[PDB]
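Coming up are structure 1 and structure 2: the same protein chain in two forms, each one given alone as structure tokens.
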Structure 1
């Protein structure tokens, strides 16, 4: 039965790591601050940013985080419509600790 389904989850995880490592993931998405881009949080492209890659065996993976998982919130501030270079700066603030909420999407 090939109709069209999604599994729009929304897991929240807790992350920490030694200065001798990193959360283990590649963050990708549109910059902003002064955008001309589209802001339609439709059930298609959840947020500007997303995990393009997650290192197998590293922190982010050891907390369920996987490739494709869109970044919804970094600690507190809702980052769904926040620019890359901004969501990043945030992520760092929390030094070796990072609270994040993202969402999986299966087809």
Structure 2
């Protein structure tokens, strides 16, 4: 039985800083296939690391958070490259909907 805790947070940063988090893939997907979300892995991208005291950190984001939406756009099946580009477009403002999965 899974418990998925969801929330939408707003990240606001300065021009000379980053959002303070690193994104990686959930599993070792094969490039010849689309990602299939499951309760344990609801999104292709997840936060692999968050700098303590950084923008993402202060907003409540933590390692383990799965990325569901970027600036109102669903990115559950979207790759790293596109997500980075999407985040760039937003400049110093980034809205993300994330989920933390628990209880196995």
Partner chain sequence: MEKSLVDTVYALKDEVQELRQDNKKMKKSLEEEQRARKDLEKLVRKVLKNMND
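Numbering follows the first chain given and starts at 1. Rigid core (definition): largest C-alpha set, two forms, superposition within 1.5 Å.
*Asks:* Compare the two displayed forms of this chain and pick out the form deposited without its partner chain.
*Replies:* Pick structure 2; the other is not the form deposited without its partner chain.
*Asks:* Which one of 32, 72, 54, 63 is the only residue whose C-alpha moves by 2 Å or more between the two structures, after superposing on the core?
*Replies:* It is 32; the other listed residues stay below 2 Å.
*Asks:* With both forms fitted on the core, how large is the C-alpha shift of residue 98 between the two structures in Å?
*Replies:* With the cores aligned, its C-alpha sits 0.3 Å away.
*Asks:* After superposing on the rigid core, what is the C-alpha displacement of residue 42 between the two structures, in Å?
*Replies:* Residue shift at the C-alpha: 1.1 Å.
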